[PDB]
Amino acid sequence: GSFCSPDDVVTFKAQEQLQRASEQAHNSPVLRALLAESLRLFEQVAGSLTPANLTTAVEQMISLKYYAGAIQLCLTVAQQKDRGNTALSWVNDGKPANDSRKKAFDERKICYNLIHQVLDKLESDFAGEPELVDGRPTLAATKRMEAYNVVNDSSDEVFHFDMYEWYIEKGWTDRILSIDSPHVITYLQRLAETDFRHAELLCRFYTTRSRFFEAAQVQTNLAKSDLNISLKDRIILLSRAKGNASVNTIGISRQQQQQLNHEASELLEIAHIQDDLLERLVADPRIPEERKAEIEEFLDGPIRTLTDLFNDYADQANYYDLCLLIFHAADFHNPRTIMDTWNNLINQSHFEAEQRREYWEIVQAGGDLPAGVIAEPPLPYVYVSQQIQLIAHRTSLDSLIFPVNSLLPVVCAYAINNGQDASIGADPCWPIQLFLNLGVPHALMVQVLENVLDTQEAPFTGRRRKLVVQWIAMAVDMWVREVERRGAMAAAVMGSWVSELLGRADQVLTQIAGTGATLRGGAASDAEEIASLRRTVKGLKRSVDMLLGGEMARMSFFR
């Protein structure tokens, strides 16, 4: 009638043109003409094309290596089924359900999916094909450029959003990070606090633009959020934020940087504690499986308070080393509880070391271990001091969990009351060696050891003060060596109280030897052992007396 029912007729001729193209021997002029004309006709009836006809057309074009043309049709169809951009406003309004723009967005999404298939089949068809042959570009390369041209030449905004999402999906950080546009940044800023993977992209854009503080802000908020993020992923986020806030970002005050770097440092300290707990609890043989699943639920997520970590987990499982790390992170002012925790950690470790040495002695004698016991483990005082070192390096000795005035006497007490001395082949001064190497200043050691010797608290009583004197001798000796070394150092404090202390020490030894000579059952065997200590103490009082007397102010002078 009204010639020639144009929309429904053109769509048929276009299918006829495309069918003849695929029936060809691929002689370029005829194949290009049929393809080019088929695309010409389909575009004229873009707004009317049904999803079934569009799919079959694209697939036929894909089969004939007409990638750019297929993409161009899909974009044209998308723009024609929605010339008012009802889809762009429906996305810009949060995609409210119950709305009738969903239809307009879906008709575009069918076109965008088909564009994914074109590009997918493109990289597949040319998998292994070189981009250059003999110097100039191949045919397979020019079709890749021609296709991706059509993509970057578009002004469809819902399309470019759908392509950012698609690049993210496929993992092509290659091509997305390489976009100058802010349009992609702005698109990420709205969904950054919605998904981890999107936030990570946003932070990459910030960092490469030297906007480190803004990335540290995104990462920190993401770690404090209630999104489904694992604890370890929250450790990475905080660790990155801590680094990014520690460096200058232009336009932002030093105060604002430090306050964020400090919040990220504290939360990272708590997170590591929580991770150490969760790992240990899951691996613990003495924990029932039923409970472990419950622990994994409450600890492999957002970071918990230090109270909960202590009460509900660290204290229940007697992980006293992590209790001490918790008292450090919390600035916990309570000397008595701290020392109670130190006492439990020492005793727990001693019993565990004794148990492992027993199992060993059974292997070396032929016996059988208890069922389910994995078969020369360190002496108990060695494993104990390993525990003290691991904590000290993690807390740095500046903590309130290292009050040397209380902790050194306790460790010395353990050594006496458990025979961790010469009987088993240990250095009797091992407690002093430990705290010196850890970096306790020499003056503070002698100061404590003096208080141990004056107050005579058990076990430091009677003739066991012989051992206290030996510790003082060893500490002062190292102190003297340190002063002599520091004097030679500066060529290229000690008071009279140290001298008095060595005099009293000599008196204690004279008293112990006398008491030892009149003991019931026979004289003491340590006669010459004490005579040796007397000589050492006198030698140290001599050295200290020379330093105090002027030789310390003349250490940088040539002799």
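All residue numbers are counted from 1 along the displayed sequence.
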Legend entry - Chain break class for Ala375 to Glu376, judged by how many deposited residues have no coordinates: 1 to 3
Legend entry - Unmodelled deposited residues flanked by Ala492 on one side and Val493 on the other: 10 or more
Legend entry - Of 212 to 220 and 96 to 104, the stretch whose C-alpha atoms average the higher B-factor in the entry: 96 to 104
Inset, instruction - Quick one: say whether 22 to 30 or 530 to 538 has the higher mean Cα B-factor in the deposited entry. - result: 22 to 30
Inset, instruction - Return the residue from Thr194, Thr305, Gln387, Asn437 that has the highest Cα B-factor in the entry. - result: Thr194
Inset, instruction - Could you say which of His272, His350, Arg463, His183 has its CA atom at the highest B factor, as listed in the PDB entry? - result: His183
Legend entry - For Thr249, the third of its chain into which the C-alpha B factor falls: middle
Inset, instruction - Taking the chain's C-alpha temperature factors as the reference, tell me which third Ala513 falls into: lowest, middle or highest. - result: lowest
Inset, instruction - Using the B-factors in the PDB entry, rank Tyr359's C-alpha atom against the chain and give the third, lowest, middle or highest. - result: middle
Inset, instruction - Tell me, lowest, middle or highest third: where does the Cα B factor of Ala264 rank within its chain? - result: lowest
Legend entry - Entry-reported Cα temperature factor of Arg83, expressed as the chain third it lands in: highest
